[PDB]
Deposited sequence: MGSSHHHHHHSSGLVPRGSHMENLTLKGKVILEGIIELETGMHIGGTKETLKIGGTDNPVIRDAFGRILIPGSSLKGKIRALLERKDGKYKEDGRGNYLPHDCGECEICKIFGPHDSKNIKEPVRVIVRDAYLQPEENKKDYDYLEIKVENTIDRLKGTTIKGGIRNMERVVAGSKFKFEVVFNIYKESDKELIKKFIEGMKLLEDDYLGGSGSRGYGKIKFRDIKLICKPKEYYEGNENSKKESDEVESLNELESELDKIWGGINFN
């Protein structure tokens, strides 16, 4: 199963609420950041709760995206990688603070549009819940803002520089689904 392309979802994460320092960590080098696996983890939790130890099998909506809990069960390669969200310049983090975030999508099949859409819908579920905490009482609300999509098709890595297309910045997740459709090369 060859790789057809990468779809990077770059953007900004903003804090509506203050945050102490599981969700927000302070790097070994002193840098403030939100660990990618934390973010991705809460997205797993919500995206799995809205479908009725994370899920672990080959064929499934959630397990094709985030990958199964065990590596002995991978039928198809993992499609999503959530980069660590580092704090941008201009114990508790003040509200209004911005973390530049990046989400990498590995597209192998032409039906993985709905996987990306499922992840973005997960982000929408997280936008109106809480980053830190789980289940009954979460803490620190979060809002996604300024989101661009970048397409790096197989033809881009092979040498074609202009095959790399980039959508323009949208203010919310809801506007992504259109900008997603306006970008599909492979």
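Missing C-alpha coordinates mark the following deposited-sequence intervals, in order: 1-23, 45-57, 89-98, 137-168, 265-268.
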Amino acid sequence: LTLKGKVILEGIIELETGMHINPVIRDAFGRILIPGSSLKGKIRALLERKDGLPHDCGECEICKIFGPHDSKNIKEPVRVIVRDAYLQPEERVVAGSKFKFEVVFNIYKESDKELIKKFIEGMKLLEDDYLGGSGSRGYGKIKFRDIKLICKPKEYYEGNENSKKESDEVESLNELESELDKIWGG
From here on, numbers count along this sequence of modelled residues.
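In this crystal structure, the stretch out of 63-71 and 40-48 whose C-alpha atoms carry the higher mean B factor is 63-71.
Two stretches are in play, 114-122 and 127-135, and the higher mean C-alpha B-factor belongs to 127-135. Highest C-alpha temperature factor among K148, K154, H55, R31 per the entry: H55. Residue-level temperature factors show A95 in the middle third of its chain, judged at the C-alpha atom. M19: CA B factor in the highest third of modelled residues in this chain (values from the PDB entry).
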